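Starting off, we have a lone chain in the form deposited in one PDB entry, written out as structure tokens.
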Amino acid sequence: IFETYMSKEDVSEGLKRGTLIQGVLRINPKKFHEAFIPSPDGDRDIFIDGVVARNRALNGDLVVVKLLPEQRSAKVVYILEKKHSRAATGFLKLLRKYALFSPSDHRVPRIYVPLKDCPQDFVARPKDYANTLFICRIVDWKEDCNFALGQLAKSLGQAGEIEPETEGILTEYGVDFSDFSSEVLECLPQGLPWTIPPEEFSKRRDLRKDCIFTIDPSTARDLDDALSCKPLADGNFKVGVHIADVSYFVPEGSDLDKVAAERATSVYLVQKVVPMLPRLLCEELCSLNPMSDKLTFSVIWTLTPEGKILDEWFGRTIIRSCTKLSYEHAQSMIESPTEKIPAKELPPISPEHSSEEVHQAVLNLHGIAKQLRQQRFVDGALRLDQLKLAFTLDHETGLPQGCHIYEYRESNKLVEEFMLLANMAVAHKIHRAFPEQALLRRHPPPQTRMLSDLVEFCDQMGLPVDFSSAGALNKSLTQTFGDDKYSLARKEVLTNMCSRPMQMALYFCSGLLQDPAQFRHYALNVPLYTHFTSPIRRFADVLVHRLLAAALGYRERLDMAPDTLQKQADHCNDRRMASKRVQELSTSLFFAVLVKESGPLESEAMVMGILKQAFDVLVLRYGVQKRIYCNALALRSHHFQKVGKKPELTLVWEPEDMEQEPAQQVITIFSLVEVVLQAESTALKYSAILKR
């Protein structure tokens, strides 16, 4: 039996007086008996122990708590906002009136389902339904039942496959993967051979004779932006960034606008993509495909060879892109400055231009982008880059064949510098035009509480890093380690440790925050930032397109209050967090399937934590973090000692032959060991075990 909720008037009175504390619940995944909310006063979190103490609140709910008398313990007494999807994936068992549902997630409780929802052959023959995934939605949880009451949605398929588990994590996280109704496709233009209307040749600047190109990955269906560079007659360059004009095709108030607003970010998975607009807009009219006339919104600068701004112009234009490069052709043209590249390895080009113009254009943009990068990192930019893996999937069956490591070459930096310049320029324009309403991004500084713990950790172990600032933090991590096999692994382990206390970046509206100190982006060390570029994938990028066209005098001022923009910003934030979690879980699923169907995988590892009877490794080749126990090891003994706050584990192994003396192994932090990954009898679980 749980405890009943309280009235709304008492909640409001105690929340305005200050006796009750609101906050977002966070639930430990590894152990499900404890939860934490952030304190408003100080840094350290408020403890909520047990399952009874938190009244029917799931992970992510925005709850209202009351502190227990005598780090600080509280109990949930009200729920303002229900932010959890109230859905789960799991298995059904015949415990009569009900049937039991056990979710895979251990934070979701156990669910009673009536036998009308259960299938027709479950009551007598339930043995074939012990490996079959079901989706169940909680509709009611009583105050006297330890089990929620649920409605069974459907049958996914066999557990351990690719598509049942994919649809399970999409439904559990709230991603709407359904189809578009006919009232949404009726707002699209109805002319299949679409052409530019002749009244749009006077309000826009015509750039159909320039050399404009796109650099995007080989597996790309939507192209948002294009670049151009031109050498001037006094040793300067005219650099232009061109973005697809999406807000011309999405009118305000139409059903397309509400549907696009409902799912803010597109979701990218390993095998497919859940879009935000219909296929017609995303892959035909809006996308900047080669040799077609497109309506764009563009920014043009005049830059010195070191990359300093002398002129600036915003405005609506009409372009025609000439080629579509990749991140691999651009790297070839970067790495071959004095030698002509043969036409066999190049994508097709419009006959108006030559490949020499594209070649010298990407060379000049590389020359400017190098100096912009160096100056930005002298000024104090911070960059904690971890390890990401990419898969090769078989075409017919859809199973993974092998994983490799995604490498950040120079062509990924060429684009990243010009996009960072266009975003900061547009942020300055729409902030000085409309101070009351503007959409901007902010990153708070990291938490002082566990930055002090990382400082006292690196005070030991002979590491001279410093965490006083952001540029100091980046220059210290780059200079101390250097380049070596043991050193690069040291860098990876410290990047994983340093990436832990950083906070998360937020969208916000400028009419609610009072001081300009909080408008600052911490990691990039700039005072204003906004996402003007790439609109097809995000909806805040279309809100910024409307604001900038109102500021330039092309239309009337926006009629939205400063609170409506804040509500839309909160929706875009939660959609971007759920999308990020979904992509991480999809990569983890495909790796577990690869380990099971590719035998044992042999690699090296670096210890990053040591406990009394177990230790955590980080597999260097794959980047996954697994825990190793001594019980699965054929060893005579192991001893744990603490020497100068530097733990030590000594393993005395068992000799295969009695005559040969038993070897010894000493394990401390930053030690290189060898591990093997082996699948086990459960469908999607594996383990890592030490070798020799």
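Between two forms, the rigid core is defined as the largest C-alpha subset superposing within 1.5 Å. Counting begins at 1, following the sequence as shown.
Although not depicted, the form deposited in another entry is the subject of the following passage.
After superposition on the rigid core, the single residue among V415, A550, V582, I79 whose C-alpha moves by 2 Å or more between the shown form and the other one is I79.
Core-superposed comparison between the shown form and the other one: the CA of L325 stays below a 2 Å shift.
Once the rigid core is overlaid between the shown form and the other one, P109 counts among the residues whose Cα shifts by 2 Å or more. When two forms of a protein are overlaid on their rigid core, residues whose CA moves 2 Å or more are considered shifted, and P189 is not one of them between the shown form and the other one. Inter-residue distance, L280 to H395 (Cα): reduced by at least 3 Å in that other deposited form versus the depicted form. In that other deposited form, the CA atoms of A130 and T166 move apart by 3 angstroms or more relative to this form.
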